[PDB]
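Take a look at this single chain, the form deposited in one PDB entry, given in structure tokens.
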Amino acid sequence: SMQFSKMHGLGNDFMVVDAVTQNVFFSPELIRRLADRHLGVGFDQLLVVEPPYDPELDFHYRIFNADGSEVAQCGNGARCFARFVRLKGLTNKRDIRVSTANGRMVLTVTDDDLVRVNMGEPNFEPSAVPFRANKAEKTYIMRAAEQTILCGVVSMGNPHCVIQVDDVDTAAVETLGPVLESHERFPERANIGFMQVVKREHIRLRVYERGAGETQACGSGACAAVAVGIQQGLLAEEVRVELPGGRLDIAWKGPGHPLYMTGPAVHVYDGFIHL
């Protein structure tokens, strides 16, 4: 009987499997079956922990979707993964080196059991976003339909436009969101963040994601909101970010430094299923 866990992270339900001490091959057929809530387990995504491919790394892990396809999105599942390998006694390390479909990471498990990810250094060069503007400004002016908007623009590897909002529950994420997402000055579109500054160290946020609309927990959007807010002199070095799907904690010392994102992972259950 294959052991598994259910875990919850970045607003997502993961089935998580130790494929290090267990011998299991995840064919697309088996994955689709496990994804079946009645024949199998049921999950948003399946996180499979494997032995490393590189002798200087601790593990490899893969993420599969319900269709049985491998998913390669940067940082996906990292918090659940780090907490899982510690909870299951596969490692006792606090800094865990891991390879994924998108490359390698060093994940740090903090003392309050949160998981910190080095997200790289934010890039404000418009050409790198890509953003249509002549030089990097701390604040830009954009006309959205019958409106003018002040915004910041940054790349976390993906493009982001952040807008200050005085109450995220009121803001028209459904109207301004689509207009700025596919705005002409974003040739490759942009994630649109609606940031409410509660305190220099505390924001609320909603994100109209590039192509996906409003999601519950866009990590890169939280990073981008804090990076712009810090660049604009509005935010402290460490900011709590409250998203519809939970809380993150961003840390950044400004240009020349990487930005860190810290988040929880909930161990929801353990289970077994006869394959």
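Think of the rigid core as the biggest set of C-alphas that the two forms share within 1.5 Å after superposition. Sequential numbering from 1, following the sequence displayed.
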Review point. Between 99-107 and 164-172, which has the higher average C-alpha B-factor in the PDB entry?
Key: 164-172
Revision key, fill the gap. The stretch whose C-alpha atoms carry the larger average B-factor in the entry, 141-149 or 112-120, is 141-149
Study note, to complete from the structure: The largest CA temperature factor among 65, 220, 215, 27 is found at 215
Review point. Which is it among 244, 55, 51, 42: the one with the largest CA B-factor in the entry?
Key: 244
Point to revise | Chain third (lowest, middle, highest) by recorded CA B-factor, residue given as residue 78 | key: lowest
Review point. Among the modelled residues of its chain, does the C-alpha B-factor of residue 126 lie in the lowest, middle or highest third?
Key: highest
**Study point:** Position of residue 196 among the chain's modelled residues by C-alpha B-factor, lowest, middle or highest third
**Key:** highest
**Study point:** Entry-reported Cα temperature factor of residue 237, expressed as the chain third it lands in
**Key:** highest
**Study point:** CA B-factor placement of residue 136, once the chain's modelled residues are sorted into thirds
**Key:** highest
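Beyond what is shown, the protein has a form deposited in another entry; the following relates to that form.
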Review point. After fitting the rigid core, is the C-alpha of residue 237 off by 2 Å or more between this form and the one not shown?
Key: no
Point to revise | Cα displacement of residue 118 between this form and the one not shown reaching 2 Å, rigid core superposed | key: no
Point to revise | Large Cα move at residue 189 between this form and the one not shown, threshold 2 Å, rigid core | key: yes
